[PDB]
Each structure stands twice: as structure tokens, then as C-alpha cells.
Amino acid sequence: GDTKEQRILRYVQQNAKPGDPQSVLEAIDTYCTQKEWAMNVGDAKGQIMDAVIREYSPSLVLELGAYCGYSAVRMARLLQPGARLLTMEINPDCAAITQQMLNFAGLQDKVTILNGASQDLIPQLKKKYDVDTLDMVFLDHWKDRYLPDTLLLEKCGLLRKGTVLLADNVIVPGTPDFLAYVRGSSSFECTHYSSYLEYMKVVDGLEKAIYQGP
């Protein structure tokens, strides 16, 4: 009766070392490679995300799209003490898996799961979650939302000079509108990171777009 996501969690629960985030990541990677593909950011693009977290050391990170919690584990494990991750997930079943995955890895104290559509939650961040500004945003939910969620973040005043946006899948499935925006706009300084689609040999990439403000 397991969903694909419950199958991933079941595999982690019996194979990974409890309280060990790295072991959790390794187990998910193993499942997706050997048994059944899933849309985790994956290890190859994961290395790029790790480098970004390490370089900028964000105290408040926002993730759009949690799924099974793979990327939340990846990022949370690298956050400095005192730092926090907020992750938005529209699907309550995925939000449940993500919560269990974080609990297993022992990272539940660094992460808060917000349930609902990013378009609905973003305007609530300041009032309802005491957010000042964000240090980093990881966009990895659905391609049609990348551009409007970015403008929504700006409109709500959640980005500041230096805020790092990191977008997954800007090549496959591809996000031409978002790319047109960050690359064409003086409000952003951009870097493309070429890599591979999770657990595949197909080329994909991340885009890092750093907000310069007005």
C-alpha cells in the first residue's frame, strides 16, 4: 500500500544509520539508483548545493518543494548552529514523509515544514513566521512557479542584497522564463552550474542568482 515516497522512507528506516544524515542521503541515493527513480536533487547536483551552503553560510534558508526531505536533509546537515531551514510543501503526504526523514536523520530541530502552496505561504512569511529577510532560497517545486514565486519573494520584501537563489532543473525539464528573468535583470548576478539530472546521465544544471536589490 506504500506510495513511492513511503517505499523510500521504508528503505531508509531499515538501512540507514539512525541520527546519521549522510547515511540517510546515501540510502536514498542507493534506492533511486538500484530500485526505483525519484526526483530528489541527487548526489551530483547535491555537491553543488553543498558548496553553495558552505560558501554563503545562510542563517535562514527557504526551500520550495520538500518531497521526501532529501534536499532538506542535505542542507540542514550543513547549517551552522542557530541557523534554520523552512521548507514549503503543497502535498501533505510528502510533508509527512519529509518530517519522518528529518526525524530519522536527527535534523528535526533545524527544520520547519510549512504546509501549502508556495504562492499562498510566501505572503505569510513575515507575519506568521517572524521572517525578516531570507539568506537563501532553493527553488525545486514546479517549473511554472519559478518566475512568479521569485517576483512574489521580491514583492513581499523577503530578498535582500546578497540573497542567493538556487534553482534546480533550469535545463531539464527547463525553466526558460525564470532564466530569461534572472539573466536579463540588473537585480541579479548569475552563475550557471552544469551537472547531471539526478541518477541519470542526462545533462541538467542549477542556476545561482544573487539578488542585488534595487
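Residue indices: 1-based, along the sequence shown.
Looking at 139 to 147 and 116 to 124 together, the entry lists the larger mean B-factor for 116 to 124, computed on C-alpha atoms. With 162 to 170 and 50 to 58 compared on mean CA B-factor from the PDB entry, the stretch scoring higher is 50 to 58.
The entry assigns its greatest Cα B factor, within the set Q100, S71, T87, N91, to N91. When all modelled residues of the chain are sorted by CA temperature factor, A96 is found within the middle third. For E189, the recorded CA B-factor ranks within the highest third of the chain. Only modelled residues enter the ranking. Among the modelled residues of its chain, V111 has a C-alpha B-factor that falls in the highest third according to the deposited record. Sorting the modelled residues of the chain by their CA temperature factor places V131 in the highest third. Ranked by C-alpha B-factor against the other modelled residues of its chain, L152 falls in the middle third.
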